[PDB]
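By written order: A, B, C, D, E and F. Residues from 1 in each chain.
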Amino acid sequence: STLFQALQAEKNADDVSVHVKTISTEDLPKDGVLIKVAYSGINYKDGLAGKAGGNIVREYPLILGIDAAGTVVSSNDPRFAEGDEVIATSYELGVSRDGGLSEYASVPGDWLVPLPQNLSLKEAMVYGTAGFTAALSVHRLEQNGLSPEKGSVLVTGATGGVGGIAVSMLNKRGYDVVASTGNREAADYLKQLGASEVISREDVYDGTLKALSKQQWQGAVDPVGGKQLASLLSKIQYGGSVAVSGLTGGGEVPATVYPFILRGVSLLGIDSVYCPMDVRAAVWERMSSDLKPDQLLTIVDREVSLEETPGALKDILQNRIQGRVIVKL
Amino acid sequence: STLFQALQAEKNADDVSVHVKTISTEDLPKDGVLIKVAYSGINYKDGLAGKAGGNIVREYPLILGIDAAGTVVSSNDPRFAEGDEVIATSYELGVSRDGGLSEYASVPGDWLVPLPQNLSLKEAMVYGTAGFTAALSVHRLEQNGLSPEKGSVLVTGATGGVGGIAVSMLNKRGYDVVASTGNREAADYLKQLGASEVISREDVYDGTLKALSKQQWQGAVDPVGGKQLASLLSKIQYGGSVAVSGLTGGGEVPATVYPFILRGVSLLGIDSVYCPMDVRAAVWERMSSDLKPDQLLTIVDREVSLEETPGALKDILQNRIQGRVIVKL
Amino acid sequence: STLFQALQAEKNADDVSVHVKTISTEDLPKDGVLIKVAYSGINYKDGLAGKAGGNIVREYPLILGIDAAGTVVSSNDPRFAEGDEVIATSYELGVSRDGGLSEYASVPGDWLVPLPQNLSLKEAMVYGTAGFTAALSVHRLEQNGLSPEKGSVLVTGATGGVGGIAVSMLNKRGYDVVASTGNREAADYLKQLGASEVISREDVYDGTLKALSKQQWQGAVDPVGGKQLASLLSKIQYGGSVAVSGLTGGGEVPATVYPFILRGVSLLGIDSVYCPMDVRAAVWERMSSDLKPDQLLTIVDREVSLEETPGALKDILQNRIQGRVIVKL
Amino acid sequence: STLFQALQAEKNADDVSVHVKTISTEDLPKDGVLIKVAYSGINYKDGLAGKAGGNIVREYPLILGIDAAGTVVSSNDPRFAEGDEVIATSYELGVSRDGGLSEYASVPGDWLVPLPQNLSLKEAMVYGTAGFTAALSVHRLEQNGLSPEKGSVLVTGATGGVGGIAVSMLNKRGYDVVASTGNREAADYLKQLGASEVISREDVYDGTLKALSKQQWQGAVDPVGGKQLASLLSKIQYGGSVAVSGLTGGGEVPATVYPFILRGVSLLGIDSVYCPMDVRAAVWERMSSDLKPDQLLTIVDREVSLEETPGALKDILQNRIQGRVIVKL
Amino acid sequence: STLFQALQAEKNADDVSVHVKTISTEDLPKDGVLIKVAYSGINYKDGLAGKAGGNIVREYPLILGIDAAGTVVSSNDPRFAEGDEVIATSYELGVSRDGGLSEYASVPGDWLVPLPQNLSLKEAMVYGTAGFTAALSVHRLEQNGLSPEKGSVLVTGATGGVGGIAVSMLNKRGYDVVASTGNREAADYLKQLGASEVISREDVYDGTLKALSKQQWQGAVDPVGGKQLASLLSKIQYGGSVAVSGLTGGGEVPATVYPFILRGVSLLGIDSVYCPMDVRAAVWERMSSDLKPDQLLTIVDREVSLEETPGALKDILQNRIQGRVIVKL
Amino acid sequence: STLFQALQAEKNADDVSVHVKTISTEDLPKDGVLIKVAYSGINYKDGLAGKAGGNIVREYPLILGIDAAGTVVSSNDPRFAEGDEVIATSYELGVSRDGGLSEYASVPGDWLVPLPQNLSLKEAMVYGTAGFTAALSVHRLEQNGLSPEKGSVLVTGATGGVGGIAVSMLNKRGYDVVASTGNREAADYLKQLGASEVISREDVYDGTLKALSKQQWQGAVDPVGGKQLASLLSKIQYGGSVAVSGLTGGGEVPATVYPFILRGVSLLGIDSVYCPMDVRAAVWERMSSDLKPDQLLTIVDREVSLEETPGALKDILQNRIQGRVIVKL
């Protein structure tokens, strides 16, 4: 039916390759809605998909992806019509099914999110999965008591994907943001995203940890897990909460029971991969209103092309990239 | 200005009093609202307030408490009138200031909750902090997605104060409850409190640990923290949550980030001590309707009586109480 | 088109007499929707409309009424349809426009309420205005914070039209109701309406009058008004409310500012004559559910024919009816 | 420790003094949160707590106050955290327990409200009791129908603490505000604050009482009380409301039942002292959005230090203040 | 009392004439509230009223209208006070009872809506009945799904009154509007109103009709309904709706059933004549905020005077009007 | 893996066959969630999918289906765990994708709905699609004004799955239901399902056609609309609503615009195939509460088994099936 470029990862023995192959429309999962991808996605999980030892993908070959945002061309699904702008993120995409890093994508109607009126196709990808994860985290924390005045809100691993955006959204909602990173010299760019304060990894965790510490924060959007979350928990304000998104040193969390039962703190698991659609559609409205930051264009490091995509996959992973990479198809 | 039987704790030497003395109204702290207690409990926290330095009471002649319900006799407080029935619970009662359990108590107006309409004073102290802790637990899990079709809800430490009632409230709300205990024998009592099933402590955790296990429960009310809690977070279904309220079974929780960030589960700290007035009111309101189980009295391991107090302040501390013990006066 | 009987009020020099004549539907008002009236409406305001010096009817041949319920026979306005069961009450009915002591009445569609599903036509007029007044007072009191548990509710002139139903509506709701009247045999009649205790007119005013008194109530449904309002206002609990409605008891009310400003009580005027259609229908709804008292028919003193109506229009007024007289057309 | 400068009132047998005395932390009651006061406040109630036989201060050396905004500085209340910004108002402050006309105070935790995000500490006190009372008035009126289109709203006592502010709140929401005052001269000022029309005292009450006058406001905010409020009551549109809060120009209100029963009007009591935490905190949120007037600094008569306060508590009384008097620490 | 001007329609033996007559307030229906009309309104249903065989006005005397907005001059009706601004529209006005084209109208207090705060009288009548019909139409779409992301919205008959206001309002909500009218270059005016796109009659419907077409829209506001409308229903996104309010394109609609049962589209009937006060007032609120377009006054063709009203009543009736003609008085 | 029985449509030659078969697990679509099916019906759509030129199934060797209520036997998708009861209906099941006339099915997760707490797998299926479709018809009517009280409500085709059910359900909500059929001598079946009046099709249409008819209903659930719906549309009360859904009756609906623009009635299309998971889950919630009629199983004509299944497939079509037919598995 029509030929185009895609970014296809594949295994020869023990080893993951990744190159822009040229592919026909008839080859795609037939059974989704046919999308022409406007924009992009380069995400940490895509990098892992692209590399042996990543533990994301299980049979190759597979077109890489996880995030895409384009226009419906061809529907068999009455819910969607030609011309509709949609976002196709999460679920199986980019993991066990053809993904977004490609002109054209077939994805199930039941994962399409109708593009919010006040985000363009490219703003939707400046956001992507990180970004959704961030917005998701402020939504969960908000339904557990968070409000801009119960005190100051902590973003760990700011600077990374999720953290960088959460900094900005919190800041558009009017919370006081404290961002922590290991990289000095990131202070300026975190402030421009909205942080009114910048602290170190070490200001959040040092020598191990106790059950309860002086109250410092109220809540945290937390993309980094491990011993450091354990710590932070004990510095969270009464009734406060924490939203976890990542591992980044520490699958283990040696936590106590104390911040929980004495200070009423909650820890909210956040997974964007299977979030159900209604909540998904609601978080996206938000990301285009309530939570749409004034920078935003500032969180983009580079807009690269489908061609230039193997190299940018090698660059997150080797974290040589501040902010976000969108791909323009 | 009469005289009455409070229960008082003294540090004589270093081994801690617990004796049914006799006190003056003028000795009550003259800044409260005087209430004539009809009833009380008998909560674990009350047991430790009574032991050999159990890390609750730090100043030293003290009337034990935390739970009381009775009638205003005298208020300097525009907001309560003589004759009002009230509940007085939490906050400093029975920890840094004189407590329930003592016909006569002088509680600030701020901590008082009017007795809701469908609950008698006996019902109120049959619930106690134990039943307000379990109620706030359900209240809390409900704000995080909890719902009875979602799948069964585990109540851990069932039998105890908090678990015993949690099983009831769960069952009243129509969920399928799954109760754990340390003893065989329980079972019929748990089945008739509302359990639709009884499993042992080892079926929750003996296995010791594992990042993710098979999904078994929509969520849990867990009054028994410890390793046991770290194990159950791994058996919670997707977007499920767990409400920790107590410490039985250990301070430490060795958790992994992985049910949080891959399964979207949440873990919610439940503290009944400083919960805000509105939510306290709201939770009593539910406790008298919504969560009011038809058993109710079933949770009573007979009523006791002031003089009779040392006795139970003793059992508690060695779970030889099955459910709860109120105090008439 | 038809003849029918109505109870009409005639004046000449200056007596005003009230006889059942025979009208035709052709000399009903032609603008309104035509309605076969089923039941009643004997009210104290009709007694007044009936009598020189009543100061109710402005101008004089006029069919007495104010309340009516029946079935739309012939509508020239889309909103109502031959068959529809509907209530007609207040506004101009029975005051400056032909009312419903008549079988047939021509009312504007703007003023009919559809008959609630769980309330028959007889029940609607068993309530009437005196009912709708009482339900409104409850509705206005609850918007100002009233709730079954903030302390007892007083109903003055219980036995009256309004205090009767009000006593039963509050009790249907759960509130502890305390009723006051002038007569000493009414105790049981009033228990039997739902009163929890019964008190003299003097138990509320005797004492004549202090700025602030011992708090006793929470709030009141008051159809009596007068100096006794001024006293009742000062026995209201913190933030309680009172609903006014009548003056059977005086018009001057020597209030002082102290209960309002130091204790946050409020005085709500109930007028049903001009109450907005949206609230009218909300209250009729409550009147057919959550305010519908089990007792209800036990407030009917006597059904009467149109024939016996002059009979009874002299009987309210002569204040010799206990409860409500309903008229079957 | 350290030491700091309070404005303490003392009784010299009958003299009742008030002097800037130096006390120590160690002095302040020992059960609250230690707060460093930043700002002010001079209310009329505070003049009184100064003046002998003013009838407000209980027994009699205490630090005057009633209002304070400032910083939690250490706490044994888990609810608050060194650092947090808070507002301390009402309840016993500055009446039976030390107030905030002083650097340092110890308020209990249950009375503290977290400073809203879009108010500074100084803006908190620019309002004070006066402004909380204004905004609680509006909030209760709006709870009883008031809406900006249902006609003009009167505010009596404009140029006082409460009236002044209320004008500009009422205007901030879009109401058409009619402001009344005792002295000419102030029209310009009242309009800057956002009054649409300025009338005198005699325009409200000159003519002196009648039971129903010609309809003229919809509703009022009323600082003033006595027979004026009686007059003005008979001038309120169908279904409108008046909220009273002061007793300037008399504690007695010679009302009639007739605006209430015939026009459906309500009169609501505003107590600021003990209004519950709930509404208190919802009302301060409104005072930072919704009710935050663009002027707001226009109301500030001057800013004053702790020493010139003694001057100020004598001025507040026998009227001299136009607007509000802010104390800085 | 007074003499004033009014565009009255007379019919003698056979014709329907229409001119400015002098009339006196002693002739205006004696039952409703008296209003000194400030404005308008030229509606199509107005043209039919003042036209031989137009078949609206049943009986001639009458003074034409359907819309007006003005200032209460005197009232017997407690709900209205000499001075209020109000809008008076629909019900029997300009159809079977004296309407709004005059100084002076007498309208039943049950039909006045008070002017919302953000609408001047002029603006209320720029909108008028046809204006109210657009808001009401969107309001009902929005009750059936319609939301801006979900696709673009069509507006037939753009160019008239209803369609042109519909186009603005939808745009101010941020819909993508597709305005469709047959007056060909008119094009840029539809663009001043907020249309994103502009198509013609043939592109809605041409020759023919098919049960389902290619999906194109999502929703339509439809003042033109007829064969053109069966055509449009086959063209609407899954779960869309159309809000019909007019013939124009004629009154038969041969529709299938497939868009309804297969595609879940809905068709909403819009009547602004008898819509309840309730919704009416909610919709005038929207009109005055939410749905209030920036280029309101760009819909005003011309502002005529009562004199030059006869010419304009000809003018609608034949596609001579681009927008609306307002009348000033 | 294991193997099992299922009813399967093949088209050997050109005739379309339908026999019970032995399939294997390994032969189910392998990305769905694996449900062991407990029950199925029986829908018209299921009659057609297994009759040539029936025109539902486009590609044959399908498992027929469309409804299924089952148990997660093990899943690849983290949002379901084994033992979860679930309902699987609509979307592609049994039109495009193997359906529930099988023991065993592999429904994708996105389409599953947890079985509600107060329904049994048997119940879910007593309901199935046509049932869901009645449920959703009520949901939508209720979204458009339908309340018990606004008059009585029709249900055409009162004998099949959808209409039979909508009758029991409407009446469960308190509506005065009118049932219409052309099967005289069924009167009792209906009244027993809850019809309060029964009438012949001829009563609804017959009379051939007219634009505005005497108003008889308020609304109609119409499962059988066509030229009769057009008639019906002319007899709905002001603001009334009709819910479509079906098609015997003809697909052609030659309507007018007049019930729509003069009486403000509405046509709402009902489609159960693609309704969002959202609304769909919440409709299932009603179906087990709000709309769960006492009758229910009174609508099971008979419980059949897989074998008997082909004959049932043949029996719907010629109306020999009065209620609904379930299928044990």
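Everything that follows uses one rule, which is that contacts are C-beta pairs under 8 Å (C-beta built on N, C-alpha and C of every residue); 3 or more make two chains touch, one makes a residue touch a chain.
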item	value
Both-way neighbours, i.e. chains that touch chain E and touch chain B	A, C, D, F
Result of counting contacting C-beta pairs for A-B and D-E, higher pair	A-B
Mean-CA-position distance for chain E and chain C (Å)	41
Gap in Å, rounded to a whole number, between the CA centres of chain D and chain A	48
Set of chain F residues in contact with two or more other chains	78-79, 238, 262-263, 274
Chain-level touch network, classified as line, ring, star, complete or other	other
Chain-to-chain touches, reported pairwise for every pair that qualifies	A-B, A-D, A-E, A-F, B-C, B-D, B-F, C-D, C-E, C-F, D-E, E-F
Chain C partner contacts - residues on chain D that touch it in the complex	140, 143-144, 211, 225-226, 229, 238, 244-247, 250-271, 273-275
Partner chain C, residues of chain B touching it in the complex	78-82, 84, 114-118
Contacting residues of chain D [partner chain E, same complex]	148-151, 174, 214-216, 237-239, 262-263
Partner chain B, residues of chain D touching it in the complex	77-79, 108, 110-111, 271, 273-274, 276-278
